[PDB]
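Trainee: Protein chains in written order, with the deposited numbering: chain A, 396 to 444; chain B, 4 to 48, 58 to 318, 354 to 406; chain C, 51 to 99; chain D, 157 to 334. For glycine and all other residues, C-beta sits at the position ideal for the given N, C-alpha and C.
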Amino acid sequence: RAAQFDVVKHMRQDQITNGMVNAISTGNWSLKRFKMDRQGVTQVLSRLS
Amino acid sequence: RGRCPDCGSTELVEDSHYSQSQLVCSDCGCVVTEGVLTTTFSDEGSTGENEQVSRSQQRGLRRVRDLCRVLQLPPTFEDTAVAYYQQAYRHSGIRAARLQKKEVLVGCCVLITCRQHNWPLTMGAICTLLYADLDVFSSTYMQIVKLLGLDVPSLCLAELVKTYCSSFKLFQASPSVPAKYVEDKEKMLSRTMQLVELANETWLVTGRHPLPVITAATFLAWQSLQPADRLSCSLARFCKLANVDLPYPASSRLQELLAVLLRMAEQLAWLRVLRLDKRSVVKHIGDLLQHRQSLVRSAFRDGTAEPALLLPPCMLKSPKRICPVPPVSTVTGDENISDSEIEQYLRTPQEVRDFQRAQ
Amino acid sequence: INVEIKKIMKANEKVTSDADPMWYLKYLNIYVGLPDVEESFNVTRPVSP
Amino acid sequence: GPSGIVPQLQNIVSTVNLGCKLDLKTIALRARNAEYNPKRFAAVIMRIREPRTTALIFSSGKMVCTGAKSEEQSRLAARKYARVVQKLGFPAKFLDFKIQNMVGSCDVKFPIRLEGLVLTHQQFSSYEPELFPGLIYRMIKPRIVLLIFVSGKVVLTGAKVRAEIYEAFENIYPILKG
Ligand SMILES: [Zn+2]
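This is the structure:
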């Protein structure tokens with residue numbers, strides 16, 4: 396553009412929330428920077444007693 | 004099958020005693036005497061067919077998605093607005109229009125979408141982002157709506173106040189707003205609702221921008237909840253503490269409502285005895301609002317089923368004369384024209400040369 | 051939430067332009083507030099777990 | 157019948173062809189009552205004081221006249237413009253005059269709440285006070301657009317003939333009477 400862009404037109408918020416909630420709900424991650432993709436990390440809390 | 008063993012069954016429905024699948028039929032209270040075993044799926048592990065789309069068109073789609081994610085609102089708004097964008101991107105003029113019109117388009121689509129789900133929003137919030145201008149996007153909006161002929165609700169008066177009033181910083185203490193400025197949201201919002209209900213029926217809102225009305229109502233409601241600490245404030249002096257900007261027409265609405273309440277007050281002796289005015293009436297509205305409907309029907313001159356006029360302000364000024372019958376007429380435009388009038392509209396050669404010298 | 055995140059933010063605190071030198075964006079602090087529920091009117095309130 | 161009032165006429169628009177090609181620069185130079193911008197536009201603009209109107213004359217011989225209160229007033233103004241062009245030396249002639257547009261207005265002497273109109277005539281009604289205070293009504297018979305105000309005042313546009321304006325008025329009367 397002939398005039399400067401303002402960051403507010405592009406700075407969004409949902410990515411962090413999506414990553415966090417999916418990561419915790421599914422219980423499997425992809426730490427591809429650290430080359431770990433562990434799974435089975437989280438389990439439902441039992442309530443039999 | 005179809006039939007029962009012989010006779011007139013043709014329908015099929017399922018029933019089964021125990022973990023089975025048998026085809027109920029209904030000429031005999033039967034199962035078509037046949038049944039068949041349902042076949043099903045699972046224990047392993058909405059279309060594709062995605063068009064590659066024009067490059068600029070998908071650029072537009074990317075802008076669409078990035079926009080409404082500002083509102084961090086349900087993705088369904090995203091998806092339906094995108095569907096509307098595809099519906100719109102089917103016309104030559106839309107394709108040939110300059111990209112600024114497309115940018116304002118990606119906002120008007122979200123506007124209509126939010127209106128369908130009556131999600132509160134206002135033009136300014138959207139247009140602060142798109143580098144938009146009132147003429148540009150308003151004309152584009154009219155064009156799109158009248159092109160597609162889509163129905164869409166209007167901005168409900170009470171719809172916007174809920175989110176607007178919650179945006180104030182009056183509900184907790186701060187150095188800008190000490191306790192004498194702090195106030196409870198419930199009381200003021202109830203007062204503002206009781207004020208806007210007065211606004212429309214008094215014709216105040218029709219044809220006007222509403223947000224000035226809301227601003228004046230909120231300012232006066234906040235004042236009158238603790239006027240002794242608040243009658244010293246002012247519109248701007250207020251709005252700056254909560255980081256709010258105010259309309260210039262807010263003063264116009266304030267004058268209108270002050271006149272309305274001074275008209276209201278004279279109907280009750282135990283309010284008339286105080287000889288109320290602009291300075292004092294603000295602290296008395298808490299008493300007036302308890303008898304509002306009684307004040308109205310003692311105050312309006314229009315006592316017909318369908354002392355002061357309960358008519359919109361645009362006529363409260365009174366016509367200079369009340370629209371006598373217009374002079375519908377015709378003329379004999381076939382007459383000969385006077386050449387003198389025609390020649391007077393011509394420059395002399397002297398004037399022609401003067402024009403040449405000046406030019 | 052109290053300390054570690056503060057260090058993570060500190061470890062990466064500025065982003066700079068591709069052009070227009072000295073054009074950069076800077077974080078100075080990070081906050082988490084306290085739990086609340088979003089509403090369809092761009093409004094919120096606290097809610098018990 | 158209506159409530160004792162029939163719409164006034166606000167403006168008139170008409171077209172005539174002078175029948176010959178014109179040098180707009182010559183017309184601009186010699187016409188006291190004309191204005192032209194040869195570097196920007198292909199027609200000259202002229203004015204006359206009675207009938208108080210203006211004419212837009214194109215180099216290709218087409219013309220658009222505006223400002224009259226009636227079809228005959230517009231026709232008289234067009235004839236006066238044709239005479240103006242004639243005395244400028246061109247072989248201008250008065251052919252194929254056609255009235256193209258007509259505007260009118262009226263008042264009903266009682267206020268109208270536009271919200272009911274928009275909520276009951278959505279398919280014809282537009283009401284965006286944040287954009288323009290008045291309500292717009294797209295009438296289909298005759299091909300007329302009515303602009304409505306809370307004051308009870310109404311404006312009408314799009315008519316080729318006066319009968320269209322008055323038919324639109326008498327068609328909208330029973331609706332706004334509700
Ligand atoms: Zn049978």
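1) Is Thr421(A) buried or exposed, if buried means 16 or more other CB atoms sit within 10 Å of its CB?
2) Just checking my contact of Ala254(B) with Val189(B) at CB under 8 Å: how many whole Å lie between their CB atoms?
3) Run through chain B and tell me which residues come within less than 7 Å of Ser307(D), C-beta to C-beta.
4) Taking C-beta pairs closer than 8 Å, name the residues in chain C that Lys174(B) reaches, listed in chain order.
5) State the beta-bridge partners of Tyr74(C) as determined by DSSP.
6) By how many angstroms is the C-alpha of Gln166(D) removed from the C-alpha of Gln391(B)?
7) Measuring only between beta-carbons, confirm whether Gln408(A) sits less than 8 Å from chain B.
8) How would you call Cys126(B), buried or exposed, if buried means at least 16 neighbouring beta carbons within 10 angstroms?
9) Closest Cβ-Cβ distance between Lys181(D) and chain B: below 8 Å?
10) Pull the bridge partners of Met431(A) from the DSSP assignment, please.
11) In the DSSP assignment, find the unbroken beta strand (DSSP E) run with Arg203(D) in it and report its ends.
12) Going along chain A, which residues have a C-beta under 9 Å from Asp78(B)?
13) Compare the C-alpha of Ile300(D) against each of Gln278(D), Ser261(D), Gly334(D) and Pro285(D) and name the closest.
14) Would DSSP call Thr379(B) helix, strand or coil?
15) Output the distance between the C-alpha atoms of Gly11(B) and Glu63(B), rounded to the nearest integer angstrom.
16) Please confirm if the segment 245-258 of chain D is in contact with the segment 166-183 of chain D, defined as three or more CB-CB distances below 8 Å between the two stretches.
17) Between the beta-carbon of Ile201(D) and the beta-carbon of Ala233(D), is there less than 8 Å?
18) Give the secondary structure of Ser306(B) by DSSP, where H, G and I count as helix, E and B as strand, and everything else as coil.
19) Residues of chain B with CB closer than 7 Å to the CB of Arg235(D), please, in chain order.
20) Should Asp263(D) go down as buried or exposed, given a rule of 16 or more other Cβ atoms within 10 Å for buried?
21) Would you report the Cα separation of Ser29(B) and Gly5(B), rounded to the nearest angstrom?
22) Taking DSSP's pairing of strands, which residues face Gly5(B) in a bridge?
23) Considering Cα atoms alone, identify which of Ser186(B), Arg110(B), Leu40(B) and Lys181(B) is closest to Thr152(B).
24) Starting from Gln166(D), follow the beta strand (DSSP E) in both directions and report where the run begins and ends.
25) So is the beta-carbon of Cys31(B) under 7 Å away from any non-hydrogen atom of ligand 1?
26) Using DSSP's beta-bridge definition, name the partner residues of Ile156(B).
27) Measuring from the CB of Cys126(B), is there a heavy atom of ligand 1 at a distance below 7 Å?
28) Going by the CB atoms, is the gap between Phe253(D) and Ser170(D) shorter than 8 Å?
29) Got a sec: which bits of the segment 115-134 of chain B sit with their beta carbon under 7 Å from any beta carbon on chain C, in order along the chain?
30) Output the distance between the C-alpha atoms of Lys60(C) and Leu83(B), rounded to the nearest integer angstrom.
31) Hey, is the segment 226-234 of chain B in contact with the segment 244-263 of chain B, meaning 3+ C-beta pairs nearer than 8 Å?
32) Using 8 Å as the limit for Cβ to Cβ distance, is residue 343(D) near chain B?
33) For chain B, find out if any of its Cβ atoms is closer than 8 Å to the Cβ of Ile161(D); answer yes or no.
34) Cβ-heavy atom distance between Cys28(B) and ligand 1 below 7 Å?
35) Mind checking who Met219(D) pairs with in its DSSP beta bridge?
36) By a C-beta neighbour count over all protein chains shown, 10 Å radius and 16 as the cutoff for buried, is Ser179(B) buried or exposed?
Mentor: Here's the rundown:
1) Residue mapping note: residue 421(A) aligns to position 26 of the first sequence, counting from 1. Result: exposed.
2) In the second sequence, residue 254(B) corresponds to position 242, counting from 1. In the second sequence, residue 189(B) corresponds to position 177, counting from 1. Rounded, the Cβ-Cβ distance is 7 Å, consistent with contact.
3) Taking the fourth sequence and counting its residues from 1, the one referred to as residue 307(D) is at position 151. Near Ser307(D) (Cβ distances below 7 Å), the residues of chain B are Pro359, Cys361 and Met362.
4) Taking the second sequence and counting its residues from 1, the one referred to as residue 174(B) is at position 162. Residues of chain C passing the Cβ test: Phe91 and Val93.
5) If you number the third sequence from 1, residue 74(C) lands on position 24. BP columns for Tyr74(C) point to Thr66(C).
6) Sequence index remark: in the second sequence, residue 391(B) carries index 344 (1-based). Sequence index remark: in the fourth sequence, residue 166(D) carries index 10 (1-based). Take the alpha-carbon of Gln391(B) and the one of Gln166(D): they are about 28 Å apart.
7) Translated into positions along the first sequence, residue 408(A) becomes position 13. With 8 Å as the cut-off, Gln408(A) counts as an interface residue toward chain B.
8) Here residue 126(B) corresponds to residue number 114 of the second sequence, with the count starting at 1. Counting Cβ neighbours within 10 Å, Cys126(B) comes out buried, since at least 16 surround it.
9) The residue you call residue 181(D) lines up with position 25 of the fourth sequence. Among the residues facing chain B, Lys181(D) is not included, as its CB has no counterpart in that chain under 8 Å away.
10) Start at 1 with the first residue of the first sequence, and residue 431(A) comes out as number 36. Per DSSP, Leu426(A).
11) On the fourth sequence, position 47 is the one that residue 203(D) refers to. Counting along the chain, the beta strand (DSSP E) containing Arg203(D) begins and ends at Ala199 to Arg205.
12) Indexing the second sequence from 1 puts residue 78(B) at position 66. Correct list: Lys404, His405 and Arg407.
13) What you label residue 300(D) is simply residue 144 of the fourth sequence in a count that begins at 1. Here the closest residue by C-alpha is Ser261(D).
14) Within the second sequence, residue 379(B) is the residue found at index 332, counting from 1. Coil at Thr379(B), not helix or strand.
15) Indexing the second sequence from 1 puts residue 11(B) at position 8. Indexing the second sequence from 1 puts residue 63(B) at position 51. Using only the alpha carbons, I get a separation of about 51 Å.
16) yes
17) The count along the fourth sequence starts at 1 and reaches residue 201(D) at position 45. The count along the fourth sequence starts at 1 and reaches residue 233(D) at position 77. No; because the gap between Cβ atoms is not below 8 Å, this pair is not in contact.
18) Here residue 306(B) corresponds to residue number 294 of the second sequence, with the count starting at 1. If DSSP states are grouped into helix, strand and coil, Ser306(B) belongs with the helices.
19) Position 79 of the fourth sequence, counting from 1, holds the residue named residue 235(D). In chain order: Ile384.
20) In the fourth sequence, the residue the question calls residue 263(D) occupies position 107. Buried, since its Cβ has 16 or more Cβ neighbours within 10 Å.
21) Looking up residue 29(B) in the second sequence gives position 26. Looking up residue 5(B) in the second sequence gives position 2. Approximately 10 Å between the Cα atoms of the pair.
22) In the second sequence, residue 5(B) corresponds to position 2, counting from 1. Answer by DSSP bridge pairing: none, since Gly5(B) is not bridged.
23) Within the second sequence, the letter at position 140 stands for residue 152(B). Nearest C-alpha to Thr152(B): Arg110(B).
24) Here residue 166(D) refers to the residue found at position 10 when the fourth sequence is read from its first residue. Run containing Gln166(D): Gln164 to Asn173, per the beta strand (DSSP E) assignment.
25) Position 28 of the second sequence, counted from the first residue, corresponds to residue 31(B). Yes; taking the cut-off as 7 Å, the Cβ of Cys31(B) has a heavy atom of ligand 1 nearer than that.
26) In the second sequence, counting from the first residue as 1, residue 156(B) sits at position 144. Looking at the DSSP assignment, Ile156(B) forms no beta bridge with any residue, so it has no partner.
27) Residue numbering aside, residue 126(B) sits at position 114 when the second sequence is read from its first letter. No, ligand 1 has no heavy atom inside 7 Å of this Cβ.
28) Locating residue 170(D) in the fourth sequence gives position 14, where the first residue counts as 1. Locating residue 253(D) in the fourth sequence gives position 97, where the first residue counts as 1. At a Cβ-Cβ threshold of 8 Å, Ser170(D) and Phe253(D) count as neighbours.
29) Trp131 and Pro132
30) Numbered from 1 along the third sequence, position 10 holds the residue referred to as residue 60(C). Numbered from 1 along the second sequence, position 71 holds the residue referred to as residue 83(B). Going from the Cα of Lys60(C) to the Cα of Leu83(B) covers about 28 Å.
31) yes
32) Because chain D is modelled from 157 through 334, residue 343(D) falls outside the range shown and cannot be assessed.
33) Indexing the fourth sequence from 1 puts residue 161(D) at position 5. It does; some Cβ of chain B falls within 8 Å.
34) By 1-based counting over the second sequence, the position of residue 28(B) is 25. Incorrect: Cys28(B) has no Cβ contact closer than 7 Å to ligand 1.
35) For the purposes of this step, residue 219(D) is taken as the residue at position 63 of the fourth sequence. Looking at the DSSP assignment, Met219(D) forms a beta bridge with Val172(D) and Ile213(D).
36) On the second sequence, residue 179(B) is found 167 positions in, with the first residue counted as 1. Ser179(B) should be labelled exposed.
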